[PDB]
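Q: Take a look at work-v1.txt, compact mmCIF, N, CA and C atoms:
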# COMPACT_ATOMS: atom_id res chain seq x y z
N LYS U 10 8.97 24.79 -7.30
CA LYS U 10 8.57 24.42 -5.91
C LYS U 10 8.24 22.93 -5.78
N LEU U 11 7.05 22.51 -6.20
CA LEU U 11 6.67 21.11 -6.20
C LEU U 11 6.36 20.67 -7.65
N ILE U 12 6.89 19.52 -8.05
CA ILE U 12 6.54 18.97 -9.34
C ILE U 12 5.66 17.76 -9.13
N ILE U 13 4.51 17.73 -9.80
CA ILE U 13 3.71 16.51 -9.85
C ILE U 13 3.94 15.85 -11.18
N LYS U 14 4.41 14.61 -11.15
CA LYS U 14 4.64 13.82 -12.33
C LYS U 14 3.55 12.74 -12.38
N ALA U 15 2.62 12.89 -13.30
CA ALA U 15 1.43 12.00 -13.35
C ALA U 15 1.45 11.10 -14.57
N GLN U 16 1.13 9.84 -14.37
CA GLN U 16 1.12 8.84 -15.41
C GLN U 16 -0.25 8.22 -15.55
N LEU U 17 -0.78 8.26 -16.77
CA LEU U 17 -1.99 7.53 -17.15
C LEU U 17 -1.64 6.63 -18.34
N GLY U 18 -1.62 5.31 -18.10
CA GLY U 18 -1.06 4.36 -19.07
C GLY U 18 0.37 4.74 -19.41
N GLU U 19 0.66 4.96 -20.69
CA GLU U 19 2.03 5.33 -21.09
C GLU U 19 2.27 6.84 -21.08
N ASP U 20 1.21 7.63 -20.96
CA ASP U 20 1.32 9.09 -21.05
C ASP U 20 1.71 9.66 -19.71
N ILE U 21 2.75 10.48 -19.71
CA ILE U 21 3.24 11.10 -18.48
C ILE U 21 3.15 12.61 -18.64
N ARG U 22 2.61 13.30 -17.65
CA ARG U 22 2.52 14.75 -17.66
C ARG U 22 3.25 15.24 -16.43
N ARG U 23 3.96 16.34 -16.59
CA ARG U 23 4.78 16.89 -15.54
C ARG U 23 4.21 18.26 -15.25
N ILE U 24 3.63 18.44 -14.06
CA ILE U 24 2.91 19.64 -13.70
C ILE U 24 3.61 20.31 -12.52
N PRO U 25 3.98 21.58 -12.67
CA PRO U 25 4.50 22.34 -11.54
C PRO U 25 3.39 22.97 -10.71
N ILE U 26 3.47 22.76 -9.39
CA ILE U 26 2.46 23.21 -8.45
C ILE U 26 3.09 24.25 -7.54
N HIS U 27 2.38 25.35 -7.36
CA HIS U 27 2.88 26.47 -6.59
C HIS U 27 2.16 26.57 -5.24
N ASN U 28 0.83 26.53 -5.25
CA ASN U 28 0.06 26.46 -4.00
C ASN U 28 0.13 25.04 -3.45
N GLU U 29 0.77 24.89 -2.30
CA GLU U 29 0.99 23.57 -1.71
C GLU U 29 -0.23 23.07 -0.93
N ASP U 30 -1.19 23.96 -0.66
CA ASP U 30 -2.44 23.57 0.01
C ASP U 30 -3.50 23.10 -1.00
N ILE U 31 -3.06 22.73 -2.20
CA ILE U 31 -3.91 22.08 -3.20
C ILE U 31 -4.83 21.04 -2.56
N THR U 32 -6.10 21.06 -2.95
CA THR U 32 -7.06 20.10 -2.44
C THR U 32 -7.13 18.88 -3.37
N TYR U 33 -7.63 17.77 -2.85
CA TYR U 33 -7.85 16.58 -3.66
C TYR U 33 -8.71 16.88 -4.88
N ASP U 34 -9.80 17.61 -4.68
CA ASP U 34 -10.71 17.89 -5.79
C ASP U 34 -10.05 18.78 -6.84
N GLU U 35 -9.27 19.77 -6.41
CA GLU U 35 -8.43 20.54 -7.35
C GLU U 35 -7.45 19.68 -8.13
N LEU U 36 -6.81 18.72 -7.47
CA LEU U 36 -5.90 17.82 -8.16
C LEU U 36 -6.61 16.98 -9.21
N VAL U 37 -7.79 16.46 -8.88
CA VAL U 37 -8.58 15.74 -9.84
C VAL U 37 -8.84 16.63 -11.06
N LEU U 38 -9.23 17.88 -10.83
CA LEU U 38 -9.54 18.77 -11.93
C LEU U 38 -8.31 18.98 -12.78
N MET U 39 -7.17 19.15 -12.15
CA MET U 39 -5.94 19.37 -12.88
C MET U 39 -5.59 18.17 -13.76
N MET U 40 -5.82 16.97 -13.23
CA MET U 40 -5.53 15.74 -13.98
C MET U 40 -6.45 15.69 -15.18
N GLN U 41 -7.70 16.08 -14.98
CA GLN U 41 -8.65 16.12 -16.10
C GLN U 41 -8.24 17.09 -17.20
N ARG U 42 -7.66 18.21 -16.81
CA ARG U 42 -7.16 19.17 -17.78
C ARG U 42 -5.94 18.62 -18.52
N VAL U 43 -4.95 18.12 -17.78
CA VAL U 43 -3.70 17.75 -18.43
C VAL U 43 -3.85 16.49 -19.29
N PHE U 44 -4.81 15.63 -18.94
CA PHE U 44 -5.09 14.40 -19.69
C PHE U 44 -6.38 14.58 -20.52
N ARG U 45 -6.57 15.79 -21.04
CA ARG U 45 -7.79 16.21 -21.76
C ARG U 45 -8.37 15.10 -22.67
N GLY U 46 -7.57 14.69 -23.64
CA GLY U 46 -8.03 13.78 -24.69
C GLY U 46 -8.03 12.31 -24.35
N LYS U 47 -7.75 11.98 -23.10
CA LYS U 47 -7.71 10.59 -22.67
C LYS U 47 -8.95 10.21 -21.86
N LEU U 48 -9.78 11.18 -21.54
CA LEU U 48 -10.85 10.98 -20.57
C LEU U 48 -12.17 11.47 -21.11
N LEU U 49 -13.23 10.86 -20.60
CA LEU U 49 -14.57 11.31 -20.82
C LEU U 49 -14.96 12.00 -19.54
N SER U 50 -15.86 12.97 -19.65
CA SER U 50 -16.32 13.75 -18.50
C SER U 50 -16.85 12.85 -17.38
N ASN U 51 -17.44 11.71 -17.74
CA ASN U 51 -17.97 10.75 -16.77
C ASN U 51 -17.00 9.66 -16.28
N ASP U 52 -15.75 9.66 -16.74
CA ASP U 52 -14.77 8.72 -16.19
C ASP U 52 -14.53 9.03 -14.71
N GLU U 53 -14.29 7.99 -13.94
CA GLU U 53 -13.94 8.13 -12.55
C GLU U 53 -12.45 7.94 -12.45
N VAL U 54 -11.78 8.97 -11.97
CA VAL U 54 -10.33 8.96 -11.82
C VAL U 54 -9.96 8.56 -10.39
N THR U 55 -9.10 7.55 -10.29
CA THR U 55 -8.49 7.11 -9.05
C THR U 55 -7.01 7.55 -9.06
N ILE U 56 -6.53 8.09 -7.95
CA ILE U 56 -5.16 8.61 -7.88
C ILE U 56 -4.40 7.84 -6.82
N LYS U 57 -3.27 7.29 -7.24
CA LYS U 57 -2.31 6.67 -6.34
C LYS U 57 -0.93 7.32 -6.46
N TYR U 58 -0.12 7.20 -5.41
CA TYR U 58 1.25 7.70 -5.44
C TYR U 58 2.26 6.66 -5.03
N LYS U 59 3.45 6.82 -5.58
CA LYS U 59 4.57 5.96 -5.30
C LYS U 59 5.14 6.37 -3.97
N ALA U 60 4.97 5.49 -2.99
CA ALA U 60 5.51 5.72 -1.68
C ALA U 60 7.00 5.38 -1.65
N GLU U 61 7.61 5.65 -0.50
CA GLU U 61 9.01 5.32 -0.27
C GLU U 61 9.17 3.82 -0.53
N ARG U 62 10.12 3.48 -1.38
CA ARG U 62 10.31 2.10 -1.87
C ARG U 62 9.12 1.63 -2.74
N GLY U 63 8.77 2.47 -3.72
CA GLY U 63 8.04 2.07 -4.92
C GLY U 63 6.66 1.42 -4.89
N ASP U 64 6.01 1.37 -3.73
CA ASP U 64 4.66 0.78 -3.65
C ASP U 64 3.60 1.88 -3.83
N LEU U 65 2.53 1.58 -4.56
CA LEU U 65 1.50 2.59 -4.82
C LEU U 65 0.52 2.64 -3.67
N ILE U 66 0.22 3.86 -3.22
CA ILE U 66 -0.74 4.09 -2.14
C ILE U 66 -1.85 5.01 -2.64
N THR U 67 -3.11 4.65 -2.40
CA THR U 67 -4.24 5.44 -2.90
C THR U 67 -4.39 6.74 -2.10
N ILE U 68 -4.68 7.82 -2.81
CA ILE U 68 -4.97 9.10 -2.21
C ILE U 68 -6.47 9.29 -2.32
N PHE U 69 -7.19 9.38 -1.19
CA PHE U 69 -8.65 9.48 -1.23
C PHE U 69 -9.14 10.90 -1.02
N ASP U 70 -8.38 11.73 -0.31
CA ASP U 70 -8.85 13.07 0.06
C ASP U 70 -7.69 14.00 0.29
N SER U 71 -7.98 15.25 0.67
CA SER U 71 -6.95 16.27 0.80
C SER U 71 -5.90 15.99 1.89
N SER U 72 -6.31 15.42 3.02
CA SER U 72 -5.35 15.07 4.06
C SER U 72 -4.40 13.97 3.59
N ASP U 73 -4.90 12.99 2.82
CA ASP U 73 -4.00 11.99 2.20
C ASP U 73 -3.01 12.67 1.26
N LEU U 74 -3.53 13.64 0.50
CA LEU U 74 -2.71 14.37 -0.48
C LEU U 74 -1.63 15.19 0.19
N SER U 75 -2.01 15.95 1.21
CA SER U 75 -1.05 16.72 1.97
C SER U 75 0.09 15.86 2.54
N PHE U 76 -0.25 14.72 3.14
CA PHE U 76 0.77 13.80 3.68
C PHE U 76 1.67 13.25 2.58
N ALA U 77 1.07 12.91 1.44
CA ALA U 77 1.78 12.39 0.31
C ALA U 77 2.79 13.42 -0.17
N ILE U 78 2.38 14.68 -0.22
CA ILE U 78 3.26 15.76 -0.60
C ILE U 78 4.41 15.92 0.42
N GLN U 79 4.12 15.84 1.71
CA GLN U 79 5.19 15.96 2.70
C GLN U 79 6.16 14.79 2.60
N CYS U 80 5.63 13.61 2.38
CA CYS U 80 6.46 12.43 2.12
C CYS U 80 7.23 12.50 0.80
N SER U 81 7.00 13.54 -0.01
CA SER U 81 7.66 13.65 -1.33
C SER U 81 9.12 14.09 -1.17
N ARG U 82 9.36 15.01 -0.23
CA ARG U 82 10.64 15.66 -0.07
C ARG U 82 11.64 14.68 0.53
N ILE U 83 12.18 13.81 -0.33
CA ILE U 83 13.22 12.86 0.04
C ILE U 83 14.41 13.08 -0.88
N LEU U 84 15.59 13.29 -0.31
CA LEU U 84 16.78 13.34 -1.13
C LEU U 84 17.51 12.02 -0.89
N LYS U 85 17.64 11.22 -1.94
CA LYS U 85 18.23 9.89 -1.89
C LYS U 85 19.68 9.95 -2.34
N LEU U 86 20.58 9.73 -1.40
CA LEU U 86 21.99 9.85 -1.69
C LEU U 86 22.64 8.48 -1.66
N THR U 87 23.64 8.30 -2.51
CA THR U 87 24.53 7.18 -2.36
C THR U 87 25.94 7.70 -2.16
N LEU U 88 26.61 7.12 -1.18
CA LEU U 88 27.91 7.57 -0.76
C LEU U 88 28.98 6.62 -1.28
N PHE U 89 30.12 7.20 -1.64
CA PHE U 89 31.29 6.45 -2.09
C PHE U 89 32.47 6.80 -1.20
N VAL U 90 33.22 5.78 -0.80
CA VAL U 90 34.39 5.98 0.07
C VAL U 90 35.61 5.73 -0.80
N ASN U 91 36.45 6.76 -0.94
CA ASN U 91 37.62 6.68 -1.81
C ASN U 91 37.21 6.07 -3.16
N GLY U 92 36.10 6.56 -3.71
CA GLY U 92 35.56 6.07 -4.98
C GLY U 92 34.81 4.75 -4.99
N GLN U 93 34.73 4.08 -3.85
CA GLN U 93 34.09 2.77 -3.77
C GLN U 93 32.71 2.87 -3.12
N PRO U 94 31.67 2.30 -3.78
CA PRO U 94 30.32 2.25 -3.20
C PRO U 94 30.16 1.20 -2.12
N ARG U 95 31.03 0.18 -2.14
CA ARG U 95 30.90 -0.97 -1.23
C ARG U 95 32.25 -1.30 -0.58
N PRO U 96 32.80 -0.35 0.22
CA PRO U 96 34.09 -0.52 0.89
C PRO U 96 34.08 -1.59 2.02
Translate this structure into structure tokens?
A:
Amino acid sequence: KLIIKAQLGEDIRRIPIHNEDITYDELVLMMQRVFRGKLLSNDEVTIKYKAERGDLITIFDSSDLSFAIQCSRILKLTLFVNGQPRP
């Protein structure tokens, strides 16, 4: 359904999400689980996402998260005309 691909430094975790009404606080908890050995219980986790055209945008709460998820569903196509990308 939905894949969350999360990066902390060089470590990348790929998490499949089924309930799409996931809350911000649930997402934080999930990040804490998947990055178990990288974090202390008292670390403060900040979450950003790659927006359309690669700029990071901070997610502060569940409504930011929901919008970020809706903005996720992009299919990026490149078209070729008679085999040429630049006719």
Q: Which centre and edge lengths in Å to one decimal define the box along x, y and z that fits every listed atom of region 76-92 of chain U plus 4 Å per side, as lines of an AutoDock Vina configuration file?
A:
center_x = 18.7
center_y = 10.4
center_z = -0.7
size_x = 45.9
size_y = 19.2
size_z = 16.7
Q: How many Å lie between CA of residue 85 (chain U) and atom C of residue 14 (chain U), rounded to one decimal?
A: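 Between CA of residue 85 (chain U) and atom C of residue 14 (chain U) the gap is 18.3 Å.
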Q: Give as a PyMOL selection string each residue that has an atom at most 10 Å from (-8.9, 13.3, -6.3) in the file, counting only C-alpha atoms.
A: chain U and resi 32-40+53-57+67-71+73-74
Q: Would you put the residues from that selection into a file with N, CA and C atoms, as a tab-separated table (two decimals), in the coordinates of the input?
A:
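Once everything was written out, this is selection_24.tsv:
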chain	number	residue	atom	x	y	z
U	32	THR	N	-6.10	21.06	-2.95
U	32	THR	CA	-7.06	20.10	-2.44
U	32	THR	C	-7.13	18.88	-3.37
U	33	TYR	N	-7.63	17.77	-2.85
U	33	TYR	CA	-7.85	16.58	-3.66
U	33	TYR	C	-8.71	16.88	-4.88
U	34	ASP	N	-9.80	17.61	-4.68
U	34	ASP	CA	-10.71	17.89	-5.79
U	34	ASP	C	-10.05	18.78	-6.84
U	35	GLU	N	-9.27	19.77	-6.41
U	35	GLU	CA	-8.43	20.54	-7.35
U	35	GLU	C	-7.45	19.68	-8.13
U	36	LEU	N	-6.81	18.72	-7.47
U	36	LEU	CA	-5.90	17.82	-8.16
U	36	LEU	C	-6.61	16.98	-9.21
U	37	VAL	N	-7.79	16.46	-8.88
U	37	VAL	CA	-8.58	15.74	-9.84
U	37	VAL	C	-8.84	16.63	-11.06
U	38	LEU	N	-9.23	17.88	-10.83
U	38	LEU	CA	-9.54	18.77	-11.93
U	38	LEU	C	-8.31	18.98	-12.78
U	39	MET	N	-7.17	19.15	-12.15
U	39	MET	CA	-5.94	19.37	-12.88
U	39	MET	C	-5.59	18.17	-13.76
U	40	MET	N	-5.82	16.97	-13.23
U	40	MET	CA	-5.53	15.74	-13.98
U	40	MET	C	-6.45	15.69	-15.18
U	53	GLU	N	-14.29	7.99	-13.94
U	53	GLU	CA	-13.94	8.13	-12.55
U	53	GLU	C	-12.45	7.94	-12.45
U	54	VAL	N	-11.78	8.97	-11.97
U	54	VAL	CA	-10.33	8.96	-11.82
U	54	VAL	C	-9.96	8.56	-10.39
U	55	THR	N	-9.10	7.55	-10.29
U	55	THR	CA	-8.49	7.11	-9.05
U	55	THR	C	-7.01	7.55	-9.06
U	56	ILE	N	-6.53	8.09	-7.95
U	56	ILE	CA	-5.16	8.61	-7.88
U	56	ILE	C	-4.40	7.84	-6.82
U	57	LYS	N	-3.27	7.29	-7.24
U	57	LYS	CA	-2.31	6.67	-6.34
U	57	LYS	C	-0.93	7.32	-6.46
U	67	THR	N	-3.11	4.65	-2.40
U	67	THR	CA	-4.24	5.44	-2.90
U	67	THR	C	-4.39	6.74	-2.10
U	68	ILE	N	-4.68	7.82	-2.81
U	68	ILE	CA	-4.97	9.10	-2.21
U	68	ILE	C	-6.47	9.29	-2.32
U	69	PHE	N	-7.19	9.38	-1.19
U	69	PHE	CA	-8.65	9.48	-1.23
U	69	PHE	C	-9.14	10.90	-1.02
U	70	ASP	N	-8.38	11.73	-0.31
U	70	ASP	CA	-8.85	13.07	0.06
U	70	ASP	C	-7.69	14.00	0.29
U	71	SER	N	-7.98	15.25	0.67
U	71	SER	CA	-6.95	16.27	0.80
U	71	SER	C	-5.90	15.99	1.89
U	73	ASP	N	-4.90	12.99	2.82
U	73	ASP	CA	-4.00	11.99	2.20
U	73	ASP	C	-3.01	12.67	1.26
U	74	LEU	N	-3.53	13.64	0.50
U	74	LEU	CA	-2.71	14.37	-0.48
U	74	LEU	C	-1.63	15.19	0.19
Q: Using all atoms listed in the file, pick whichever of U:80, U:65, U:90, U:11 has the shortest atom-to-atom distance to residue 24 (chain U).
A: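 Looking at the shortest contact to residue 24 (chain U), the residue is U:11.
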Q: Mind pulling up the distance from CA of residue 17 (chain U) to CA of residue 50 (chain U)?
A: 15.7 Å
Q: Between atom C of residue 63 (chain U) and atom N of residue 43 (chain U), measure the distance and give it in Å to one decimal.
A: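 A separation of 24.1 Å between them.
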Q: Closest to residue 10 (chain U) among U:82, U:42, U:22, U:93, using only C-alpha atoms?
A: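 Closest residue, counting only C-alpha atoms: U:82.
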Q: Taking the backbone alone, and naming residues the way the document does, which bits of chain U are helix (DSSP H, G or I) by DSSP, as a tab-separated table (two decimals) with N, CA and C atoms, in the coordinates of the input?
A:
chain	number	residue	atom	x	y	z
U	33	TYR	N	-7.63	17.77	-2.85
U	33	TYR	CA	-7.85	16.58	-3.66
U	33	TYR	C	-8.71	16.88	-4.88
U	34	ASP	N	-9.80	17.61	-4.68
U	34	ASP	CA	-10.71	17.89	-5.79
U	34	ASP	C	-10.05	18.78	-6.84
U	35	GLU	N	-9.27	19.77	-6.41
U	35	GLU	CA	-8.43	20.54	-7.35
U	35	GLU	C	-7.45	19.68	-8.13
U	36	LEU	N	-6.81	18.72	-7.47
U	36	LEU	CA	-5.90	17.82	-8.16
U	36	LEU	C	-6.61	16.98	-9.21
U	37	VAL	N	-7.79	16.46	-8.88
U	37	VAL	CA	-8.58	15.74	-9.84
U	37	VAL	C	-8.84	16.63	-11.06
U	38	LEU	N	-9.23	17.88	-10.83
U	38	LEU	CA	-9.54	18.77	-11.93
U	38	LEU	C	-8.31	18.98	-12.78
U	39	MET	N	-7.17	19.15	-12.15
U	39	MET	CA	-5.94	19.37	-12.88
U	39	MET	C	-5.59	18.17	-13.76
U	40	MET	N	-5.82	16.97	-13.23
U	40	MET	CA	-5.53	15.74	-13.98
U	40	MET	C	-6.45	15.69	-15.18
U	41	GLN	N	-7.70	16.08	-14.98
U	41	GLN	CA	-8.65	16.12	-16.10
U	41	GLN	C	-8.24	17.09	-17.20
U	42	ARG	N	-7.66	18.21	-16.81
U	42	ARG	CA	-7.16	19.17	-17.78
U	42	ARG	C	-5.94	18.62	-18.52
U	43	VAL	N	-4.95	18.12	-17.78
U	43	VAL	CA	-3.70	17.75	-18.43
U	43	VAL	C	-3.85	16.49	-19.29
U	45	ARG	N	-6.57	15.79	-21.04
U	45	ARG	CA	-7.79	16.21	-21.76
U	45	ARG	C	-8.37	15.10	-22.67
U	46	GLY	N	-7.57	14.69	-23.64
U	46	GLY	CA	-8.03	13.78	-24.69
U	46	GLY	C	-8.03	12.31	-24.35
U	47	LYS	N	-7.75	11.98	-23.10
U	47	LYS	CA	-7.71	10.59	-22.67
U	47	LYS	C	-8.95	10.21	-21.86
U	71	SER	N	-7.98	15.25	0.67
U	71	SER	CA	-6.95	16.27	0.80
U	71	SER	C	-5.90	15.99	1.89
U	72	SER	N	-6.31	15.42	3.02
U	72	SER	CA	-5.35	15.07	4.06
U	72	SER	C	-4.40	13.97	3.59
U	73	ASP	N	-4.90	12.99	2.82
U	73	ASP	CA	-4.00	11.99	2.20
U	73	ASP	C	-3.01	12.67	1.26
U	74	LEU	N	-3.53	13.64	0.50
U	74	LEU	CA	-2.71	14.37	-0.48
U	74	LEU	C	-1.63	15.19	0.19
U	75	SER	N	-2.01	15.95	1.21
U	75	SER	CA	-1.05	16.72	1.97
U	75	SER	C	0.09	15.86	2.54
U	76	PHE	N	-0.25	14.72	3.14
U	76	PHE	CA	0.77	13.80	3.68
U	76	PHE	C	1.67	13.25	2.58
U	77	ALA	N	1.07	12.91	1.44
U	77	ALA	CA	1.78	12.39	0.31
U	77	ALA	C	2.79	13.42	-0.17
U	78	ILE	N	2.38	14.68	-0.22
U	78	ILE	CA	3.26	15.76	-0.60
U	78	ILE	C	4.41	15.92	0.42
U	79	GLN	N	4.12	15.84	1.71
U	79	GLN	CA	5.19	15.96	2.70
U	79	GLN	C	6.16	14.79	2.60
Q: Find the residues around residue 20 (chain U) up to 10 Å (only C-alpha atoms counted), leave out those fewer than 5 positions away in its own chain, and share them as a list in words.
A: residues 15, 44 and 47 of chain U
